[PDB]
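Visitor:
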Amino acid sequence: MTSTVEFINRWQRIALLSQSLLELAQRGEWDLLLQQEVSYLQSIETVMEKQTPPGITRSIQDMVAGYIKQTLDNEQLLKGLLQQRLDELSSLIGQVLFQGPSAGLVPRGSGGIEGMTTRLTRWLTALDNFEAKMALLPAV
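When the letters of the sequence shown are read in order and numbered with the entry's author numbering, they come out as residues 1 to 115, 1001 to 1025.
1) Does DSSP put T52 in a helix, a strand or coil?
2) DSSP state of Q12, grouped into three classes?
3) Can you list, in chain order, the residues of its chain with a C-beta nearer than 8 Å to that of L105? Leave out the 5 residues immediately preceding and following it.
4) Where does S43 land, buried or exposed, given buried means 16+ other C-beta within 10 angstroms?
5) What separation, rounded to the nearest whole angstrom, lies between the Cα atoms of residue 1028 and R108?
6) Which one of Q61, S102, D62 and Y67 has the shortest CA to CA distance from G80?
7) Under DSSP, the alpha helix (DSSP H) around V64 begins and ends at which residues?
8) Let me confirm a value: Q70 is counted as buried when at least 16 other C-beta atoms fall within 10 Å, else exposed. Which label applies?
9) Between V1025 and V5, what straight-line distance do the alpha-carbon atoms span, to the nearest angstrom?
10) At the level of alpha carbons, what is the spacing between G111 and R1004?
11) Check whether the Cβ of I8 lies closer than 9 Å to any Cβ atom in chain C.
12) Is it the case that the Cβ atoms of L34 and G115 are separated by a distance below 9 Å?
13) Can you give me the Cβ contacts of residue 1044 inside the same chain, cut-off strictly under 8 Å, excluding the 5 residues immediately before and after it?
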């Protein structure tokens, strides 16, 4: 049951990762967001590579759908929080737009803020990508 184990375990990892990253975002610990970033996005992509058949079984789908509720709620709260956070941060760095919930805040950071902005913008658009594409999953 290798594909079963990988599918449920990876959804479990994404659920626990997004939960952890949510708590950290609520506490202001952006450091572990930047670290576990690559971990979270990797787990997302690799579970989505495990395309399960239309006729998925009861227990698998129930546990998976639970982890899907976890990660989509955690990442929803992450998405809005980090959208408003990068909003404020770009306002601190220079000036934010009245509306700019996309990859446009700080075009050339140059110094240490360069990595922060480019990561978290690629991150938010990869979150929105996961959200959308996994909602578009015809067979999970």
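Ideal Cβ placement from N, Cα and C applies to all residues, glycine included.
Guide: With the structure as the only source:
1) One-based indexing of the sequence shown puts residue 52 at position 52. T52 falls in the coil class under three-state DSSP.
2) Start at 1 with the first residue of the sequence shown, and residue 12 comes out as number 12. It is helical.
3) Your numbering for residue 105 matches position 105 in the sequence shown. Within the same chain, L105 has close Cβ partners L86, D87, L89, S90, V96, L97, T1002 and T1006.
4) On the sequence shown, residue 43 is found 43 positions in, with the first residue counted as 1. Buried, because 16 or more other Cβ atoms sit within 10 Å of the Cβ of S43.
5) Coverage of the chain is limited to positions 1 through 1025, which leaves residue 1028 absent and any answer about it impossible.
6) On the sequence shown, residue 80 is found 80 positions in, with the first residue counted as 1. Ranking the options by Cα distance to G80, first place goes to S102.
7) Along the sequence shown, one-based indexing puts residue 64 at 64. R58 to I93 is the extent of the alpha helix (DSSP H) around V64.
8) As a working note, residue 70 is residue 70 in the sequence shown. So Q70 counts as buried.
9) In the sequence shown, residue 1025 corresponds to position 140, counting from 1. In the sequence shown, residue 5 corresponds to position 5, counting from 1. So the two alpha carbons sit approximately 14 Å from each other.
10) Taking the sequence shown and counting its residues from 1, one reaches residue 111 at position 111. Taking the sequence shown and counting its residues from 1, one reaches residue 1004 at position 119. For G111 and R1004, the distance between alpha carbons rounds to 14 Å.
11) Absence of chain C from the displayed structure is noted, only one protein chain being present.
12) Along the sequence shown, read from residue 1 onward, the residue named residue 34 stands at position 34. Along the sequence shown, read from residue 1 onward, the residue named residue 115 stands at position 115. In contact: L34 and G115 (Cβ atoms closer than 9 Å).
13) For residue 1044 there is no data in the structure shown, the boundaries of the chain being 1 and 1025.
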